[PDB]
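Derivation of every value follows stated rules applied to the coordinates shown; laboratory data play no part. As a convention, Cβ positions derive from the backbone with ideal geometry for all residues, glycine included, and neighbour counts pool all protein chains shown.
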Amino acid sequence: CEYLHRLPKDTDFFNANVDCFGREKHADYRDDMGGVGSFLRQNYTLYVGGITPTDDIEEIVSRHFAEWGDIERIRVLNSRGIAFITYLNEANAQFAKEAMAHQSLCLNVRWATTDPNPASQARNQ
RNA sequence: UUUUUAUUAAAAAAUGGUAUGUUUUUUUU
Ligand SMILES: [Zn+2]
C-alpha cells in the first residue's frame with residue numbers, strides 16, 4: 001500500500017488544512033458533526049454514543065479507546081450511553097474517530113460541540 | 001369564329017383545474 005499501516009505517534013504533525021488522516025478539512029464543521037473537522041477550530045475531543053449496558057461503561061470505553069492513542073480526558077454519562085473521550089493530539093483523535101465508527105464495544109461516533117461549561121471553557125482555553 | 005388552364009388550412013405548453021403551510025435534543029455547576 002501507498003499509505004502507512006502503523007499508528008500515529010506523538011510527533012506526526014501535518015499541515016493545518018489537511019486532515020491528519022489524509023483527508024481534507026472544510027470550514028463549516030458540518031451540522032451533524034459527521035466526517036472531518038474544521039480548520040477554523042481546534043478541538044481534540046469527539047462524541048461517541050451507543051450502548052449503555054451497565055455501570056462499567058467507563059472501564060469498557062477506556063479499554064476500547066486507549067489502544068488507539070494517547071488520552072487526556074474521558075467523561076462518560078452514566079444515565080445515557082454517551083462518552084466524550086478527549087485525545088492529546090489531532091492525529092490520534094481523528095484516527096480513533098475513523099476506527100471506532102460502526103464498531104462493537106453500533107457506535108455513533110461524531111465530533112464534539114462547544115462546551116457550555118464556563119469552567120470547562122476556561123481550562124480548555 | 002376553334003380550346004384550355006388558377007385548389008387557404010392542418011399542433012403544443014400555460015391559463016385550466018386532485019391549492020397549500022407546517023413539521024426529530026452530545027456535556028453546563
Ligand atoms: Zn494501506
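Selection of segment A:34-53 for residues being at negative phi, surrounded by 13 or more Cβ atoms within 10 Å (Cβ to Cβ) and either more than 10 Å from RNA strand B (Cβ to nearest atom) or not in a strand (DSSP E or B) (or both) yields A:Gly35, A:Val36, A:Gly37, A:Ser38, A:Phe39, A:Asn43, A:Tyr44, A:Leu46, A:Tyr47, A:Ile51, A:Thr52. The number of residues in segment A:1-19 that are under 20 Å from A:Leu40 (Cβ atoms) and within 16 Å of the ligand (Cβ to nearest atom) comes to 0. For segment A:17-33, a residue qualifies if it is in a loop (DSSP other than H, G, I, E, B) and loosely packed, with under 12 Cβ neighbours inside 10 Å, and the qualifying residues are A:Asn17, A:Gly22, A:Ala27, A:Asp28, A:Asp31, A:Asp32.
Annotation for segment A:81-89: at least one member residue is closer than 20 Å to A:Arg6 by Cα and buried (at least 16 other Cβ atoms within 10 Å of the Cβ). Selection of segment A:54-80 for residues being charged (D, E, K, R), loosely packed, with under 12 Cβ neighbours inside 10 Å, more than 9 Å from RNA strand B (Cβ to nearest atom) and in a loop (DSSP other than H, G, I, E, B) yields A:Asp55, A:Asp56, A:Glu67.
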